[PDB]
There are 6 protein chains.
Amino acid sequence: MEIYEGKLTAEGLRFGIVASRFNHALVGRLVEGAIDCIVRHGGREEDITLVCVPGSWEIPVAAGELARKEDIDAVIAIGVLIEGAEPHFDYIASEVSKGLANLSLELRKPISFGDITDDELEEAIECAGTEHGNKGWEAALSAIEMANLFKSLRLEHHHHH
Amino acid sequence: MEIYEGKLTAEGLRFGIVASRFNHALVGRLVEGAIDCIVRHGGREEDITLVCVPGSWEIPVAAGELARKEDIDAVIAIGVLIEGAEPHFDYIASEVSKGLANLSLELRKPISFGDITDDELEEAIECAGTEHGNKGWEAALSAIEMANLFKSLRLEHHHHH
Amino acid sequence: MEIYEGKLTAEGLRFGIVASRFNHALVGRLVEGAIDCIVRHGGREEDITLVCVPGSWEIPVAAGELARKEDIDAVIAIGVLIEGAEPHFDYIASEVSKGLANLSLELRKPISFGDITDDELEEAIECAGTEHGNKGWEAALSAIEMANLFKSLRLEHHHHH
Amino acid sequence: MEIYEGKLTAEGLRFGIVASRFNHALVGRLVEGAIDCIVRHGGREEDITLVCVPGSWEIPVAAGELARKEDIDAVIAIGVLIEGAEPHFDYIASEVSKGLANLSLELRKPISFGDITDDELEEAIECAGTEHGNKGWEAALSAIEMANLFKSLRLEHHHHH
Amino acid sequence: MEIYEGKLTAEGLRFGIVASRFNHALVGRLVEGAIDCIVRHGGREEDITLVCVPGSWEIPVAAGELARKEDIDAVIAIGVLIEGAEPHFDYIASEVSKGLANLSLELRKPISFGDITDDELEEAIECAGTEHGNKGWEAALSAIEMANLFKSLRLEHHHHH
Amino acid sequence: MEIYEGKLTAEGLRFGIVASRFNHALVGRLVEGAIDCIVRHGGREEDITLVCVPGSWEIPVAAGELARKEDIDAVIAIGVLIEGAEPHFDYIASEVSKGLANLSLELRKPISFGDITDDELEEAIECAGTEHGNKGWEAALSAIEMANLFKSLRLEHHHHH
């Protein structure tokens, strides 16, 4: 049986990172969370690319830019949404949610949802902590597994040729 | 690492402004705040493109033209939705969110969201004084940063070229 | 500064009108109002294009055709949805809201929303006589402004050329 | 009428920063607050100058050094005073307050009071937060506006010559 | 960025010490702590200049001479004000604060403030043991850092010269 | 500054695994998790050395041989001590801690501590599912990082040579 999965070795991959700077009290923590899991899983960082924007709203349009470059294999969503305004948390969270999704099906490039949607500030204190459930740590890893996977898909296509 | 973010200088930039005239008593308040922050951050006010429409519904179709100009770098969404007609606030406001979203993702050109969602008119008037919650003040500023960012994105591509 | 808007003259213009025939009691009354504003506000009726269909479902597919003809400048969407069957008013009305929306944004052509959501025939009669509240009348007005506005956008585009 | 005010573009300006390292739990936050508003308002940072001292007491003598150099246009006061001892909070706060003031009238150079005088540790947690009321953000901006202003004063003097 | 701060090596530095002999039972305690930290941080104790005066009042006029020596790099203020005479504690202590302040700002030479403000004598004796709240210990250390800082300031000027 | 830390690639590394067969119902669970994370992080499973012993006591003497191989870079301690015999849990478990400690310090070769200390068997079974508290999962990962670290330590010595 033909099976594809991914090792977690970040050797050879060049990554995309988009970060909101709204409530940077948690964003700095996650941003580093991803960079860590990247390089501490073997990947170099001169190939990582970080773009910063105002708020959760703009993350879509940025990733769409990042995924279109030839030399970015996978892109990491990064933001924190605190229930500040229900128009902005319900609409902007689902709109970016689906929005990123449709980018990926469209550009054929893996996007991880590195968002911490906390209903309260306390849930915001739990997930950027010590237990190594640093959402950036995790979504960074999902991206590496998906990076080596689509490198496993397209490699098992291009080299077999 | 290769990082991109935008400064807020409005020099050399030509902006888009779309305006609903539903609830004009505060709308005038907003565009003032908008063009204010634009011009103060150094950008000339003759490159502003300002378009007027009836109610919140046409907000999309206007901007869609504004962006397809080669010479409008970013567009500032401006309108007010007060709960007048609740079928019109759920469908029109969310459709404003999505419609603007997908135009920006599509044209790869940023559109800010100068949208004041007030239930009561007093919460509007309170927020345009000197604390600059003049939502246009900020939606203008976001548009500047994103403007310089895509001019930072694509220009680090075309000059390195 | 450069400001774009649209006057209320229907001169030089060719419109679209799409009509459902469910509850036609009220449709007669509203298309009447719609054609009142066009011809009274400067238009000749010789270029009013009237397409009729069964029920509210088929509204989109029609206007999409009326918008792909070169010589239809704006399409006046007109139909009545009354809370008969909750499956059909929720999903079908939002599918009209959205369906029309993405039409105009795609095609870059103004289509306005003359859809009266009412609960009783008596609410229709009130608006039919003389209360200056024929919602098709208003949809005809909004579309006139958008037509002359887009004639103001597109004509200030091609004349300065 | 002859009017002078300032845009906020930090292009061409070289700044002064003095920082107390007492209660650095908030000082790091503000220090970055100023640097941000500087470079994200266009200013380069190779021209910023940072000097660090023990406590609030020494900020005067340092700014007096910084303002006397030819190539520093504006200087940013930075410190946090927590009501630790009433001899030291009443005397050192008013003494630096007036002390900085007399420096500026004397060296003819603008000094912003970038101090957070918190009566409690809770007020210390409020002002270094997310709402973009990061006292360093603000006093940095006051300095840029005053920097371009005295560049507007002395420029409207020196070039008219 | 160009940043300046001082290390604490006392090597190559010649210090000033002014001492009130009002309340000498703890004053001896202090200067010990002072010269201690000076000499331990590597600086030789023969370059110390130690001046004795009656009560707290003359503290200023002494230092003012000490600084006008070319060869005293910094001066350590040392005296104790216990609430003995409250007209003498408000006016003399605050005048010590201001007078020393303005001498330092004037001569552009730092003067630390080894001032113990005790209401009760027991809070004095408790703070000179091994936890080094020996206020002289610290006022000495501040003077070192500021000493190396102005020797860092003006020497990065005269050697780059 | 010269900083050393290890990435987690298992490529080019040959590992040690020592296993007690006291309480084998969960021990099999562990080594699975161990070799899993080893092989997934890119390292080949034929360089694994796996040694089986009776109860927790021999855990030391086994590893002591495993390390004295030139070609085992690190060794993974694996065993389970459930409170069965409390004289055997105090003396054997602590002696496992010290004995392994001193072998690692002595041979200058790292030995991880895949030791599950469960009082109840249910707390064991709960922690081997997908949250990867599969203590072997982690003790394996620590061994990788330390492996690459000493290969980072001594190799930054022998190649700079």
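Because the Cβ atoms are built from the backbone with ideal geometry, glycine has one as well, and the counts that use them run over all protein chains shown. Here, each number is a calculation from the coordinates, and none is a lab measurement.
Run the Debye formula on the Cα coordinates of region B:86-161, all scatterers equal and no solvent, and tell me log10 I(q)/I(0) at q = 0.12, 0.23, 0.25 1/Å.
Computed log10 I(q)/I(0) values: -0.49, -1.09, -1.15.
Between rounded, prolate and oblate, where does region A:42-137 land on the alpha carbon gyration tensor, with a ≥ b ≥ c its root eigenvalues, rounded for a/c under 1.5, else prolate if a/b exceeds b/c?
Note, shape of region A:42-137 comes out oblate.
Once you have the Kirkwood Rh of region E:51-93 from its Cα pairs, apply Stokes-Einstein at 37 °C and 0.692 mPa s and quote D in µm²/s.
Estimated diffusion coefficient is 283 µm²/s.
When E:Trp57, B:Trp137 are ordered from fewest to most other Cβ atoms inside 10 Å of their Cβ, what list results?
E:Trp57, B:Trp137
In nm to one decimal, list the spacings between the C:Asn102 label point and its equivalents in the other copies, with label points set 7 Å along Cα to Cβ, shortest first.
Taking the point 7 Å beyond Cα along Cα→Cβ, the inter-copy spacings are 0.4, 0.6, 7.2, 7.3, 7.6 nm.
Per residue Cα convex hull volume for chain D, in cubic angstrom?
It is 122 Å³ per residue.
What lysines does B:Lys109 reach when the alpha-carbon gap must be under 18 Å and sequence neighbours fewer than 8 apart in one chain are set aside?
Counting by Cα, and skipping residues close in sequence, B:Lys109 has these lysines nearby: A:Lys69, B:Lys7, B:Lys69, B:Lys98, B:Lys151.
Less than 11 Å Cβ to Cβ from A:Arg44, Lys/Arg counted +1 and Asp/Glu -1: what total charge do the surrounding residues give? Walk me through the intermediate numbers first.
Values: positive: A:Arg14, F:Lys7; negative: A:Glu11, A:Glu45, A:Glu46, A:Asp47.
Once positives and negatives cancel, what remains is -2.
Work out the charge dipole of chain E with +1 on the Cβ of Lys and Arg and -1 on the Cβ of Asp and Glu about the Cα centre, then indicate which of E:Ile125, E:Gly79, E:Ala63 is farthest towards its positive end.
Final value for the positive-end residue is E:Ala63.
Which FRET efficiency value, to the nearest 0.05, is calculated for F:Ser152 and D:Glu46 with the Förster distance at 41 angstrom and r the Cβ-Cβ distance?
Working: r = 34 Å, r/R0 = 0.84.
Once the sixth-power term is evaluated, E becomes 0.75.
Would you mind counting up the charge near A:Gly79? Only other residues with Cβ under 13 Å from its Cβ, with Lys and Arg at +1 and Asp and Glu at -1.
Working: positive: A:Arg21, A:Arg29, A:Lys135; negative: A:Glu58, A:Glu95, A:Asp115, A:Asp118.
Once all neighbours under 13 Å are counted, the net charge is -1.
Once amide H atoms are built 1.01 Å from N in the peptide plane, which residues 5 or more positions from F:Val51, or in another chain, come under 5 Å H to H?
F:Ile17, F:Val18, F:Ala19
Which of E:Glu138, B:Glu2 has the fewest other C-beta atoms within 10 Å, and how do the rest follow up to the most?
B:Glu2, E:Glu138
What net charge is computed for the residues neighbouring A:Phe15, neighbours being all others with C-beta under 13 Å from the C-beta of A:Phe15, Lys and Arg scored +1, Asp and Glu -1?
-4
About the Cα centre of the protein assembly as shown, how large is the charge dipole given +1 on each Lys and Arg Cβ and -1 on each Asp and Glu Cβ? Please answer in debye to the nearest 20.
Here the size comes out at about 4420 debye.
Given the DSSP H assignment, sum -39500 (n - 2.57) over each helix run of at least 4 residues in chain C and divide by its residue total; what's the result at 222 nm in deg cm²/dmol, nearest 500?
-16500 deg cm²/dmol
Give me, ordered by chain and number, the residues 5 or more places off D:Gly12 or on other chains with an amide H under 5 Å from its own placed amide H.
Amide H neighbours of D:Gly12, under 5 Å, 5+ apart: D:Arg44.
Could you give the DSSP H helices of chain E that reach 30 angstrom or more along their long axis (alpha carbon positions) and whose average Kyte-Doolittle hydropathy is no lower than -0.5?
Long hydrophobic helices here: E:86-107, E:135-158.
Using a label point 7 Å beyond Cα on the Cα-Cβ vector, give me the inter-copy distances for F:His158 in nanometres, one decimal, shortest first.
Label-point separations across copies, in nm and ascending: 3.6, 5.4, 5.4, 6.4, 7.9.
Using only the C-alpha atoms of region C:1-94, find the volume of their convex hull and express it per residue in Å³. If you can, show how the numbers build up before the last one.
Numbers: hull volume 12.5 nm³, N = 94.
Dividing the Cα hull volume of region C:1-94 by its residues yields 133 Å³.
What gaps in nm, shortest first, separate E:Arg21 from its twins in the other copies when you place the label 7 Å past Cα toward the beta carbon?
Values, ascending and in nm: 3.8, 6.1, 9.0, 9.0, 11.9.
Which chain D residue hugs the D-F rotation axis most tightly by its Cβ, and what is that distance in angstrom, to the nearest whole number?
Spelled out, residue of D and its Cβ distance from the axis onto F: D:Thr130, 38.
Would you tell me the mean number of C-beta atoms belonging to other protein chains that fall within 10 Å of each C-beta in A:61-68, as a whole number?
4
Please report C:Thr49, E:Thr130 as a ranked list, fewest other C-beta atoms within 10 angstrom at the top and most at the bottom.
E:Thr130, C:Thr49
Pull out a ≥ b ≥ c, the square roots of the eigenvalues of the alpha-carbon gyration tensor of the protein assembly as shown, then state rounded if a/c is under 1.5, prolate if not and a/b is larger than b/c, and oblate in the remaining case.
Working: a/c = 2.48, a/b = 1.31, b/c = 1.89.
Verdict is oblate for the protein assembly as shown.
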